[PDB]
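Chains as they are written, first to last, in the deposited numbering: chain D, 5 to 126; chain B, 855 to 865; chain C, 3 to 107; chain A, 497 to 854. For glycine and all other residues, C-beta sits at the position ideal for the given N, C-alpha and C.
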Amino acid sequence: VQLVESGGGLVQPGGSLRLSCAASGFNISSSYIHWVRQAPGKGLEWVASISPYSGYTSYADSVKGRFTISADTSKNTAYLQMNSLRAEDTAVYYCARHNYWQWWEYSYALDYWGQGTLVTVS
Amino acid sequence: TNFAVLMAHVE
Amino acid sequence: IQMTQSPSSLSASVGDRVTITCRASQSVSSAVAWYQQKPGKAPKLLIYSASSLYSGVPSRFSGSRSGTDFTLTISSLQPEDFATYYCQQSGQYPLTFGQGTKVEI
Amino acid sequence: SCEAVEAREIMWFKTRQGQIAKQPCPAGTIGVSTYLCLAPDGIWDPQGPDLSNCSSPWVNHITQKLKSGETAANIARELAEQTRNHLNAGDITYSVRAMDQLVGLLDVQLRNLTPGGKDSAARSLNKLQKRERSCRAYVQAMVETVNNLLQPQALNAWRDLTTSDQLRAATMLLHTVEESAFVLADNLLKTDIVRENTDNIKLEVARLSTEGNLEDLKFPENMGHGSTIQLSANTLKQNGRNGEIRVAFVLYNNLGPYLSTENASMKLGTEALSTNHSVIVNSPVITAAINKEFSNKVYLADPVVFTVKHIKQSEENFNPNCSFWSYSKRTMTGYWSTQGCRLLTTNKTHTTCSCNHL
Ligand SMILES: *[C@@H]1O[C@H](CO)[C@@H](O[C@@H]2O[C@H](CO)[C@@H](O[C@@H]3O[C@H](CO)[C@@H](O)[C@H](O)[C@@H]3O)[C@H](O)[C@H]2NC(C)=O)[C@H](O)[C@H]1NC(C)=O
Ligand SMILES: *[C@@H]1O[C@H](CO)[C@@H](O)[C@H](O)[C@H]1NC(C)=O
């Protein structure tokens with residue numbers, strides 16, 4: 005079970021970036037996908053989420069509209085497209101996973117995370 | 855949508 | 003929904019007790035989970051729904067619920083368990099988190 | 497060679513080779529009954545006469561009432577008053593059909609009762625109150641008409657009805673009650689909750705709002721001590737329409753068996769060791785519908801769990817498999833499908849299942 009995430013580096017303010025998260029050992033068609041970031045010297049903050057059967061998307065008010073999360077189960081990869089990036093987004097983004105079928109038990113418990121992608125704005 | 859469990863009855 | 007996690011710092015001794023609370027502004031029936039982020043690593047799941055610990059987690063921990071103040075107790079700080087503990091509402095979106103307490107002997 | 501007389505006042509000719517032959521239903525009904533020998537050799541059709549048409553005389557009185565064009569609440573009340581007595585497949589089919597026309601008539605009166613001018617003092621309020629009162633009256637009577645129809649001792653008429661029609665009539669029962677539920681939801685005053693329940697049928701129609709933070713919905717609260725269906729707060733927000741969601745849960749006791757196991761998609765295993773293996777719906781039928789959707793496979797953000805109890809709880813039912821009833825509205829014919837539904841945990845008393853659609 006691996007959730008390697010990539011797609012970082014310096015991006016001038018108001019630019020555009022695209023995150024990747026290759027999931028191996030499990031299918032993202034029947035498992036949730038969650039993006040949680042961690043700004044330098046701060047706390048884990050929720051960014052977005054996708055239901056694997058309904059495609060229901062819900063972004064924290066902080067990233068409403070400017071961020072659009074995609075779930076391409078075809079390539080077993082998750083993507084968090086980051087349009088109009090602001091200097092308030094500089095952080096380490098982790099793609100976490102929760103088993104949809106067993107949701108009531110272990111309610112929204114992020115069992116596995118990843119190493120993280122670091123993005124800077126200057 | 856109607857939901858129920860279908861079981862067996864070995865005879 | 004918003005939560006608070008006090009104290010944010012402590013030096014519990016090896017083997018003694020830690021009690022991190024979590025003031026829940028709104029009445030949330032259970033649905034609160036504590037995550038442990040080892041310094042420089044990924045947060046792992048410790049308790050689910052402020053009731054029972056997740057399979058694989060040392061039985062030293064224990065989740066309890068008073069109706070509004072969710073609490074976590076590490077029975078004894080085995081010296082391989084000094085990290086930052088968090089408090090997350092896992093009931094409904096928005097999945098808000100807490101300030102974070104740091105067990106650091 | 498094939499003539500005889502049955503207990504239901506029906507004699508027959510001797511069809512030398514299984515020729516068609518019918519005689520009227522016993523004094524007190526209006527239908528007929530065909531019965532010809534199965535084989536041309538000359539052997540009574542073991543199935544016996546089909547008492548699937550005979551119906552109590554109350555059918556005709558209601559028919560003229562449907563013609564009189566009176567408020568459908570009064571007719572619905574009258575129907576239940578008659579269905580207290582012994583029931584017949586014809587009465588079942590007539591009530592099922594009647595419960596479909598009354599909806600149409602109500603739809604007509606709801607269209608008629610629309611503001612058509614300046615509200616001087618309280619004209620629109622009076623119209624809305626009259627509609628809500630009459631519509632609440634209709635669904636309150638519907639729970640009574642189905643209570644009477646699913647009486648445990650009334651299964652004799654259900655069995656008389658052919659397997660093909662008994663599932664079709666039961667499917668229509670499920671369809672007319674959910675239409676009435678959604679109509680009640682559409683005529684609620686200010687996002688309120690209506691819970692008209694009885695020994696057999698339990699119904700909860702609740703118009704909720706998607707503002708701020710919302711809670712989960714569970715049916716029934718504690719009545720039934722089992723067979724509880726539950727949605728999630730996130731599902732409510734997903735199926736939200738302009739700050740309004742019309743939800744309707746219903747639990748049916750004594751209806752399951754009438755639904756036939758046609759094309760059941762149970763996944764069997766090594767446990768299958770019977771040369772004459774049989775399948776049985778050993779669980780009360782729990783039902784939930786949202787936002788005026790009958791059967792369109794609406795996917796849910798969070799799973800729906802139903803702890804349906806066991807009708808017969810012993811160790812003679814080897815393995816469980818959770819299912820859902822999919823039916824085409826046009827043909828009113830359906831079948832059991834396990835698509836999108838997976839067994840969670842199982843035991844002697846209950847069994848919890850997780851589905852992805854509602
Ligand atoms: C319909 O009934 C069958 C038989 O009860 C169900 O199949 C069973 O499904 C469970 C859960 O996936 C299987 O348990 C599994 O066992 C393996 C080890 O063999 C373990 O590695 C898994 O983690 C899990 O515990 C069980 O073996 C399997 N039994 C058979 C004979 O296939 C099926 O899920 C039911 N389907 C529905 C739609 O209800
Ligand atoms: C079976 O499971 C149900 C919950 O689905 C529980 O209420 C009941 O007590 C359990 N019974 C046994 C025999 O463990």
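In the DSSP annotation of this structure, the continuous segment of the alpha helix (DSSP H) that includes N556/A starts and ends at 554 to 564. The C-beta of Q4/C comes no closer than 7 Å to any C-beta of chain A. Counting along the chain, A576/A sits inside the alpha helix (DSSP H) bounded by residues 568 to 579.
One thing to note: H38/D has its Cβ no nearer than 7 Å to the Cβ of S62/D. Within the chosen limit of 6 Å, ligand 1 reaches the beta carbon of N815/A through at least one heavy atom. Proximity of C550/A to chain B, defined by a Cβ-Cβ separation below 7 Å, is not satisfied. C-alpha of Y116/D to C-alpha of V804/A: approximately 33 Å in a straight line. Its Cα nearest to that of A594/A, the residue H671/A stands out among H671/A, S529/A, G544/A. Of the candidates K79/D, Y57/D, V125/D, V125/D places its Cα closest to the Cα of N87/D. Here DSSP, grouped into helix, strand and coil, assigns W821/A to strand.
Those residues of the region 814 to 830 of chain A placed with their C-beta closer than 9 Å to a C-beta in chain B are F814, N815, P816, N817, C818, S819, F820, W821, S822, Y823, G830, ordered along the chain.
The closest CA to that of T98/C, considering only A35/C, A14/C, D18/C, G65/C, is found on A35/C.
According to the DSSP assignment, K626/A belongs to the alpha helix (DSSP H) that extends over 619 to 645. Under the DSSP assignment, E49/D falls in the beta strand (DSSP E) whose first and last residues are 48 to 54.
Taken through DSSP and simplified to helix, strand or coil, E675/A comes out as helix.
Interface annotation, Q39/C: not in contact with chain A, CB-CB separation never under 7 Å. By the neighbour-count criterion, in which a residue is buried when 16 or more other Cβ atoms sit within 10 angstroms of its Cβ, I76/C is buried. Residue state for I588/A is assigned as helix, using DSSP reduced to three classes. Fewer than three beta-carbon pairs drawn from the region 559 to 573 of chain A and the region 620 to 627 of chain A are found closer than 8 Å, and the two stretches are therefore not classed as touching. Put simply, the CB of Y590/A is far from chain D, with every gap to its CB atoms at 7 Å or more. Between the region 855 to 862 of chain B and the region 795 to 815 of chain A, the count of C-beta pairs closer than 8 Å reaches three or more; the two stretches touch. Leaving aside the five residues that flank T771/A on each side, none in its chain has a CB nearer than 6 Å to its CB. As the crow flies, the alpha-carbon of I741/A is around 32 Å from that of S756/A.
At a Cβ-Cβ threshold of 7 Å, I689/A and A681/A do not count as neighbours.
With the rule of 3 Cβ pairs closer than 8 Å, the region 566 to 585 of chain A does not count as touching the region 535 to 544 of chain A. The DSSP-derived three-state label of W832/A is strand. For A653/A, there is no enclosing beta strand (DSSP E); the residue is found in the alpha helix (DSSP H) stretching over 651 to 656. At a threshold of 6 Å, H721/A does not count as near ligand 2, since its beta carbon sits no closer than that to any of the ligand's heavy atoms.
For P96/C, the chain D residues whose C-beta falls within less than 7 Å of its own C-beta are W50, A64, listed in chain order.
By alpha-carbon distance to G836/A, the top candidate from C849/A, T845/A, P780/A, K844/A is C849/A. As for any beta strand (DSSP E) of minimum length 3 sitting wholly inside the region 691 to 736 of chain A, the runs are 697 to 704, ordered along the chain. Contact check for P56/D and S35/D: beta-carbon distance about 6 Å, within the 8 Å limit, so the pair qualifies.
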